[PDB]
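Below you'll find the structure, written out as structure tokens, and then a few comments.
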Amino acid sequence: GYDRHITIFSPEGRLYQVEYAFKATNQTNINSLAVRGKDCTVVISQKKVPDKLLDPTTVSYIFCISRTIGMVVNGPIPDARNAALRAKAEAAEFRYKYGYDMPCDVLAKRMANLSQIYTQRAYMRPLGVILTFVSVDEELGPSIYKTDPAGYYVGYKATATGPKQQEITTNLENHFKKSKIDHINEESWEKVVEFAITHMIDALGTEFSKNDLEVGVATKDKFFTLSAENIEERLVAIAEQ
Amino acid sequence: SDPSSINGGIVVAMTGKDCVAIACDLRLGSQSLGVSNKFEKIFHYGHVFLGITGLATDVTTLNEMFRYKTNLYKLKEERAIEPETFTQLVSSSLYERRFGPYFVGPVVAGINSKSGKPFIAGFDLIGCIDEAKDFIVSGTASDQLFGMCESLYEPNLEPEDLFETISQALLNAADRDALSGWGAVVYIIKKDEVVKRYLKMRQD
Amino acid sequence: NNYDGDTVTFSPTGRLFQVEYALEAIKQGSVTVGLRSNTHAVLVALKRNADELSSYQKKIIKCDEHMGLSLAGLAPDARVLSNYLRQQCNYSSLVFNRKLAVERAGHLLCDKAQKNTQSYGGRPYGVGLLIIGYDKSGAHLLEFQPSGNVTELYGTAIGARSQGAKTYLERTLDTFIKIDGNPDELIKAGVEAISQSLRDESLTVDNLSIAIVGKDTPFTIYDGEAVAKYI
Amino acid sequence: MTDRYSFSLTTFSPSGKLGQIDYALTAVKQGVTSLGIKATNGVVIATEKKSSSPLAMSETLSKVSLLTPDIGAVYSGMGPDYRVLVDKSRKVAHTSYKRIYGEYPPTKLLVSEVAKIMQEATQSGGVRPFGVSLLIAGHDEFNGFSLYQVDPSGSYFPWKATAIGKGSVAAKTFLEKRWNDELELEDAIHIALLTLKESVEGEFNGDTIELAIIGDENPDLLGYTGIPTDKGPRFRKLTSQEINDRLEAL
Amino acid sequence: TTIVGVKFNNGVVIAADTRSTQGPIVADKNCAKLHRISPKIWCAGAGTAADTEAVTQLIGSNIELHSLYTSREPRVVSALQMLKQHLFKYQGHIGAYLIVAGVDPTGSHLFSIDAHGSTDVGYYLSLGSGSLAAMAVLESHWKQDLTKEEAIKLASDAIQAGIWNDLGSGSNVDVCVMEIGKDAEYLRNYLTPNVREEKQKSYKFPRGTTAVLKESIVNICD
Amino acid sequence: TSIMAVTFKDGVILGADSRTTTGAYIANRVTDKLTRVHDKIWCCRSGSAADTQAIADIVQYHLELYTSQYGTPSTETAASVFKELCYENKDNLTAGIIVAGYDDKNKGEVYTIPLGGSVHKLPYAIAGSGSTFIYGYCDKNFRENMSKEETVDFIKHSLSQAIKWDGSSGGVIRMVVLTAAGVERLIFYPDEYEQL
Amino acid sequence: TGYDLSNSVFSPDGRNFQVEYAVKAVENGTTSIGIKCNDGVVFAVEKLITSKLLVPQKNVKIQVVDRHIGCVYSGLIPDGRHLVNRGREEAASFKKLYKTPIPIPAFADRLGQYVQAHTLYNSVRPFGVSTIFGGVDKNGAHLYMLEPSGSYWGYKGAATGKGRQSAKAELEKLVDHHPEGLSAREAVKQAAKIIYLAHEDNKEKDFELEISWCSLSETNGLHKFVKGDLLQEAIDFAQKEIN
Amino acid sequence: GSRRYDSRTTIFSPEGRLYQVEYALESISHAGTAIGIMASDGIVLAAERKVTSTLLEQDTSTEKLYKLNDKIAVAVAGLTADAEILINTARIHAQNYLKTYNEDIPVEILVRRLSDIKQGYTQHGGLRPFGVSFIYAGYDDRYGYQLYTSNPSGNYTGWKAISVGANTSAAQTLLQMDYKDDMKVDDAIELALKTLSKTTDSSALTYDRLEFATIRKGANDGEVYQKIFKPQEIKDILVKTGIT
Amino acid sequence: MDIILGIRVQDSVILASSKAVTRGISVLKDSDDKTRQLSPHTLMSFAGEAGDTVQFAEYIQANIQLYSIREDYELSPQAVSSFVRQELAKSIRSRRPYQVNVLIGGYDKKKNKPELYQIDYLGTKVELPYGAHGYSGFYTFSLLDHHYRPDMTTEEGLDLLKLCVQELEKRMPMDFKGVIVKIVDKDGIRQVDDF
Ligand SMILES: [K+]
Ligand SMILES: [Mg+2]
Ligand SMILES: [Mg+2]
Ligand SMILES: [Mg+2]
Ligand SMILES: [Mg+2]
């Protein structure tokens with residue numbers, strides 16, 4: 011059964027290598043979440059540093075692709091960084107060729123096309139990663155677009171990825187059923203980050219210290235990550251309410 | 002050693018009432034030496050007529066090239082190419098050789114079989130389309146042809162009248178050019194009949 | 004077993020079987036010995052014939068005026084690698100007016116062998132080499148394995164029954180290292196070393212091959228009647 | 001390194017079958033239903049928007065795509081394969097036709113170029129066939145309206161009406177009863193919505209259905225005025241609201 | 030050629046003459062120098078005629094594919110970047126001198142491009158052999174906060190300066206108005222101030238004037 | 020062109036005229052020869068307009084890709100990228116570029132890159148056709164650790180003279196101030212600077 | 006099955022068995038460590054003395070990249086050299102284009118991407134080495150450890166090879182007992198101790214110690230080998246602790 | 002490496018046969034039958050469409066019969082997509098010859114080159130062969146009317162009458178029975194249809210499941226005409242011979 | 001090289017080609033045959049740049065002979081001439097173009113007609129009743145314009161050709177050492193030995 015080793019069709023029309031790449035996604039045992047505010051797009055992800063010998067500042071699955079675009083990865087770090095470097099190069103080339111900043115959704119499509127090629131061409135394996143791109147697009151506003159090893163991509167009102175993704179997904183679904191809107195109706199990004207953490211706490215059922223989390227925020231004209239103290243400040247605000 | 006004036010020759014096209022005319026001389030020379038008095042410069046692919054002046058080897062080559070391309074067009078499209086479409090094909094093909102061009106002055110003439118509209122067009126050696134309501138000129142006596150056409154031409158001429166006008170435009174222009182003449186051919190083109198006439202002209 | 008079809012495959016215990024099989028070709032090869040003092044470096048090699056009508060396969064190759072090696076295993080692979088060393092030694096001379104350090108020679112061979120163990124289609128080199136030389140830091144002896152591993156030593160031996168000579172040199176270490184300014188004695192120690200690897204056969208005049216390089220001695224090879232002195 | 005797969009991954013079996021093509025067709029069978037109906041004055045193509053999650057914005061994912069102003073495409077099978085085929089199809093319409101003739105290719109020839117791309121994925125080295133069947137609807141001056149199906153093999157057939165994917169067998173039978181050669185475009189849209197309801201299970205509205213037409217020229221969608229011969233695209237995607245209007249008089 | 034571009038309140042307008050020359054000879058009396066790159070991005074072109082047409086078509090083609098790829102309306106800066114990099118690559122040998130203008134989601138824009146690859150930004154620009162005649166008018170009558178109708182007047186006046194004073198320019202004035210929130214309106218032959226007067230005489234010949242040697246029917250059918 | 024860049028106490032200021040020519044015709048009288056390759060790394064352009072634009076675009080791309088991977092590049096790094104392009108393509112380029120930027124560690128820095136593609140780090144740099152006429156003036160008047168107001172006056176007076184004598188220079192005097200505070204754009208019109 | 010026969014093939018778990026098999030080759034190799042300190046990094050490695058015939062001090066395993074980065078590795082030694090050769094090419098082209106010497110994090114990713122690339126195709130074999138490396142740049146000291154998969158992180162202390170667990174335990178004690186920081190000269194001594202302690206897991210053949218270091222104050226930010234008096238002092242410190 | 006997944010499409014069996022060619026011929030034997038019959042005054046091409054659906058657009062359809070130039074046509078049996086690749090090559094080849102020599106390409110020369118392309122896919126490149134068999138019908142001024150066939154092996158032969166695709170064994174016996182040399186086109190038309198009608202796997206032969214074409218000198222004086230039959234023209238010719 | 005002539009009469013094509021090969025101030029040879037038989041009923045004469053002429057002639061000869069063997073058939077003079085023209089038309093935009101001018105005389109056996117083609121190095125093809133390359137035409141064309149008739153016999157054509165050679169021998173600056181004359185008709189190609 012060599013149809014399970016390379017990306018050719020099985021008798022039932024499936025691509026097992028693509029399916030097994032999806033299972034590599036959860037190898038890190040980390041859950042990520044993305045939501046949109048009025049002015050911003052917040053992405054949060056768990057940060058697990060098991061080894062005491064690790065430099066915790068270098069352990070990250072969130073990447074600054076361009077000044078405006080951020081990307082969080084669910085999957086092994088080697089493939090994650092492979093995707094990040096390509097995304098950065100693609101975004102830079104786009105700006106040079108076409109004279110304006112690459113939109114979040116266009117970068118997502120491009121990376122998805124690259125992933126599709128690996129599902130059709132035999133010599134290239136799929137990357138065992140799911141890429142969540144976030145920005146505040148100058149045309150489309152707050153944006154979340156997600157890519158997988160099948161080459162599939164789509165925009166999101168909000169999203170979650172990881173082993174316990176389904177719990178987070180339904181938690182968010184139930185909130186948007188209640189609020190009746192496509193986003194978090196909040197002025198400041200600080201409170202949208204607080205919302206993101208609050209709802210992750212409820213869905214996962216765990217408490218977080220300042221070092222258990224990782225936060226990326228996209229606003230108009232810049233995407234940035236938060237420091238441990240920025241998150242701690244945010245955790246204190248949730249606790250005092 | 003100016004490629005466009007080694008062999009000599011002229012082509013002119015005109016529109017009339019529900020008809021078009023395209024005409025050319027018959028000379029092929031090598032500078033001063035007249036070599037052939039049978040060298041026709043007008044060709045046709047289906048109902049679309051193409052005249053080509055300039056370097057004679059490129060005239061022959063481009064004829065063979067457009068016959069090639071229009072034959073494949075017809076096989077794949079299952080219909081004859083129209084003048085407007087053929088005009089675009091000529092422009093594309095010439096610009097493809099932008100920095101090593103065919104030294105030619107082609108002229109498209111024909112009637113669109115769907116709309117019935119008369120159509121003429123001219124090109125420079127590198128593809129620039131020159132569309133006209135009235136007339137297109139080309140060749141070593143183009144100045145002369147411009148002067149003849151601009152004065153002799155009037156709109157909506159009948160096929161028989163248009164024949165006289167275009168013939169007199171060509172003949173008198175050719176007689177003021179050393180490299181043009183040695184015989185002439187005129188094509189009168191109606192919606193579904195084409196008449197070809199050889200003109201008597203001075204042979205010097 | 005299932006992991007020895009090519010060099011690009013690791014076994015479940017992390018082994019490269021094609022590289023190990025290449026290593027096996029060296030073990031079948033005729034014994035050759037290398038040793039040095041502080042002034043000279045010596046190669047001794049037992050040559051092998053097809054039968055009594057044939058010649059004896061040459062084991063020693065000169066690379067430069069100050070460097071050369073002996074071989075054990077696939078001879079054509081030794082020709083390829085020695086030719087590469089000749090070029091590298093030569094490049095160093097023409098471009099930098101510099102005699103190639105014996106250590107760099109080892110690093111270059113290592114990196115050339117390594118590339119043949121990580122790519123599809125290729126195969127490992129099937130030969131082991133003992134490189135001797137005299138450069139700006141004195142005498143040297145290197146051992147090349149086609150796994151890529153190159154090792155600098157006072158003395159060593161490779162080939163069939165090389166363990167006998169290798170044990171002897173390990174005992175004789177303190178003696179032969181201080182044979183300075185005396186070529187014939189350093190060779191004698193090498194000839195006695197290779198004698199610990201002989202079985203049923205003894206060293207004859209068209210059987211023994213010796214090479215030497217040192218402070219005031221270019222790399223030169225001795226065969227035929229020139230080695231009769233040492234039997 | 002380098003692509004060492006220079007050999008065919010699709011080969012003939014002893015029985016004469018081309019396995020990978022068959023298996024690609026199997027992937028198309030699993031895919032969501034899409035259909036196309038040809039009327040006298042237009043063509044309609046339609047499909048269900050199977051949402052992956054309710055948090056996903058299904059508007060951002062377009063199953064029906066414009067190839068030229070007068071040609072549109074829809075599919076059944078693998079979405080990613082379709083997306084790259086649309087990219088390639090749009091480009092080849094320019095490179096191998098518009099940049100040569102100064103006009104857009106007729107439907108049959110664009111289809112022919114897409115078919116060629118899919119055939120090559122069936123024979124070239126180190127690639128699998130595309131896991132999609134396309135339905136391409138279009139118009140051109142000399143051939144009028146037309147509808148084509150393109151399979152993973154690269155074969156294409158012209159249709160009066162057809163369906164592909166999940167419930168294609170039932171949908172084709174439904175279309176045989178309803179189709180005549182006198183159908184007006186609005187009648188074809190009506191039949192398209194009826195046929196699609198059979199295969200759709202959950203919600204059936206303008207947000208879960210994607211539908212486009214090839215009909216009259218749309219000068220309002222051109223974006224400029226001043227050239228009489230340029231009259232606008234015949235391809236138009238029906239809005240969510242426009243679908244719901246027709247679902248009341250269903 | 031004379032070509033111009035003028036910015037106004039809610040958009041941008043470009044214009045051009047319609048003369049095409051071969052040395053001292055007028056080859057085309059009514060050629061179109063206003064080129065559509067996308068529906069709301071238009072290009073006025075001076076220089077080598079085939080070059081301005083070809084480079085405008087190529088970039089227009091690629092802009093269309095880009096617009097389809099990104100699901101976005103094309104931007105003027107994209108056309109600007111693509112044109113300048115193409116022209117720079119050919120080191121001036123592609124003799125295209127362009128005024129690029131249009132409206133997009135970012136706003137309204139006006140640029141110029143030289144055959145060698147340099148680009149300019151301005152509220153008013155002119156290129157071609159009649160650019161000095163045009164620029165003289167623009168420098169005399171331009172002001173900040175022009176209306177639509179004022180900008181059309183200024184643009185066409187600048188082209189007229191070229192038509193009358195430059196031998197390289199003549200015939201008619203073409204205009205294209207690109208306003209924000211509206212469709213771009215292409216005004217082909219907006220002004221036609223060079224209509225040929227009635228000829229003194231009809232040169233229609235008596236039938237039979239031309240001597241003929243042979244006649245034959247030509248077969249165009251299969 | 021007349022262009023210059025000058026370091027001072029709080030950082031660095033770039034300066035330029037606004038004239039572009041074909042022969043004696045002024046093709047653009049309001050040109051912007053001061054150009055951003057990064058947030059606080061700018062350049063002054065002189066020579067061929069096409070060449071310097073194409074170069075600046077490539078550099079801006081390189082530094083954007085640098086920033087994505089390694090964070091903010093140094094002014095020296097930016098100058099090195101300019102050099103690499105100018106040096107390796109010296110046969111096909113006519114570009115005289117001054118690179119200027121503000122670090123917080125290194126404060127204000129100026130690098131000039133002439134035709135050959137050599138690099139020269141200086142306290143201040145002048146370039147372009149009009150620079151010839153102010154070598155005397157600038158050398159006599161430049162001091163290190165000037166204030167913002169003093170540096171603005173130095174550049175204003177200098178370019179005023181360069182413009183006065185050089186026919187290829189003119190229009191407005193543009194300036195860009197690079198400090199810790201941020202980026203400030205200054206403009207000065209003929210009526211002010213001509214009567215200095 | 007058969008999923009483990011070809012590189013770049015995912016198993017049903019989502020694993021690349023060929024990479025995991027390369028890790029076994031690394032675990033088979035000799036012990037190597039890295040210690041991050043106040044203003045730099047220290048590297049050390051175990052060199053098994055196979056025979057008396059090995060020339061002491063003359064089979065150097067620690068490698069320098071550029072002038073400010075040190076690299077050490079465990080596993081297939083030739084594979085490690087190939088990686089360093091690439092590292093040197095990467096560092097050279099960085100300095101060529103950007104003038105400044107390559108930052109350590111930048112360098113870390115260059116190696117990471119290259120190693121990761123050797124898990125993408127079946128026509129190449131993964132690297133049979135884990136590499137500990139680092140140095141001093143404009144932002145201070147950095148220590149990294151890179152694995153056959155391409156995975157790398159920053160470390161306070163790092164260890165790999167046959168005695169990695171013993172070395173890791175010893176490294177963890179230093180991190181706990183010195184929260185403020187360890188000095189460069191102290192770290193050299195500690196590195197010696199840890200290699201000697203990690204040698205218990207490879208105690209048939211006796212060994213040779215090799216240390217190197219980069220320190221802003223002690224080596225002026227450049228990579229240097231520890232030799233002579235400073236080496237013997239570090240050896241003696243280690244000898245006193247095992248007894 | 003990738004050796005593991007190589008089918009080795011261009012090798013011999015122990016019996017000296019080409020596996021892939023044999024299996025491609027097996028594929029072709031399930032394709033709709035196509036017949037060519039050469040008469041003294043023209044050539045007939047007849048082909049059966051593969052099990053049709055009533056909603057198939059029959060008039061604007063082409064599956065079996067393709068035009069190569071004005072003097073040459075082909076009937077297809079096998080994968081249509083494969084055939085179109087080859088047909089476009091053949092069309093281009095014909096235009097190259099015309100451009101070079103200013104004469105229409107002799108039939109055999111076109112057939113040889115197309116067959117040579119097929120041959121190449123069986124000897125080198127590691128690609129699967131084209132799963133296609135052609136019947137070539139054409140005219141030139143050297144040999145006049147000619148029928149050829151080529152198959153995935155790249156071998157071609159000339160015929161007076163021949164069938165490809167399904168039921169060739171039964172079809173060839175029937176053609177061998179009723180064919181004679183002094184035959185006319187209209188007689189050949191009848192033989193082609195009668196043969197398909199008896200060899201068909203369908204219940205009854207109808208107009209909608211056929212493609213038909215003739216190559217006659219039935220134009221006006223010394224020139225050749227290609228007639229690709231319209232649906233209604235097939236309906237009439239089917240009635241005229243009394244099959245429906 | 002220099003003088004090559006061609007005359008097409010009723011039933012044959014006659015080619016006359018000068019025998020001299022001159023390099024510098026020396027006539028190196030006076031018996032040079034500036035022609036190649038491309039097929040049994042097709043003959044090509046040539047003139048132009050030294051080396052280029054024979055290299056081109058023999059290259060064409062090889063190609064036509066290859067075709068003849070492949071198809072067991074003789075290409076028509078029209079087909080051969082078109083092949084030759086295209087080769088020269090390719091050549092003119094090469095890095096180093098063939099500087100060769102040719103006349104192709106052939107008898108079409110299918111049409112039973114003689115045919116004469118004049119092709120220059122640019123690839124300029126014309127069918128003619130009589131042809132010439134180089135300065136020869138400046139004398140012979142006007143002469144043949146006067147004396148040529150389309151219904152002439154081979155003997156009449158040879159006398160007409162003698163008249164051309166005589167004129168060239170009178171008015172041409174250079175000594176071209178007479179001509180080799182060859183006749184192409186229904187029976188193939190033969191050489192006139194006494195001219
Ligand atoms: K024009
Ligand atoms: Mg793959
Ligand atoms: Mg005349
Ligand atoms: Mg001035
Ligand atoms: Mg000629």
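Residue numbers (full-length UniProt numbering), protein chains in the order written: chain C, 11 to 251; chain V, 2 to 205; chain P, 4 to 234; chain F, 1 to 250; chain A, 30 to 251; chain S, 20 to 215; chain Z, 6 to 248; chain L, 2 to 245; chain R, 1 to 195.
For each residue, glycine too, the CB sits at the ideal point set by N, CA and C.
Check: Between the region 157-169 of chain V and chain L, which residues of the former have a C-beta closer than 7 Å to a C-beta of the latter?; Outcome: none
Check: Nearest to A170(F) by CA position, among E198(F), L61(F), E186(F) and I191(F), is which residue?; Outcome: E198(F)
Check: Please name the residue or residues paired with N52(P) in a DSSP beta bridge.; Outcome: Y59(P)
Check: Check for me: the alpha helix (DSSP H) holding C60(A) runs from which residue to which?; Outcome: Neither: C60(A) is in no alpha helix (DSSP H) and is coded neither H nor E.
Check: Between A57(V) and chain R, is there a C-beta pair that is closer than 8 Å?; Outcome: yes
Check: Any idea what DSSP makes of residue 1(L), helix, strand or coil?; Outcome: In the structure as shown, chain L begins at 2 and stops at 245. Residue 1(L) is therefore absent and cannot be evaluated.
Check: By a C-beta neighbour count over all protein chains shown, 10 Å radius and 16 as the cutoff for buried, is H139(S) buried or exposed?; Outcome: exposed
Check: Does the beta-carbon distance from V216(P) to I161(P) come in below 8 Å?; Outcome: no
Check: Does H138(A) come out as helix, strand or coil in the three-state DSSP assignment?; Outcome: strand
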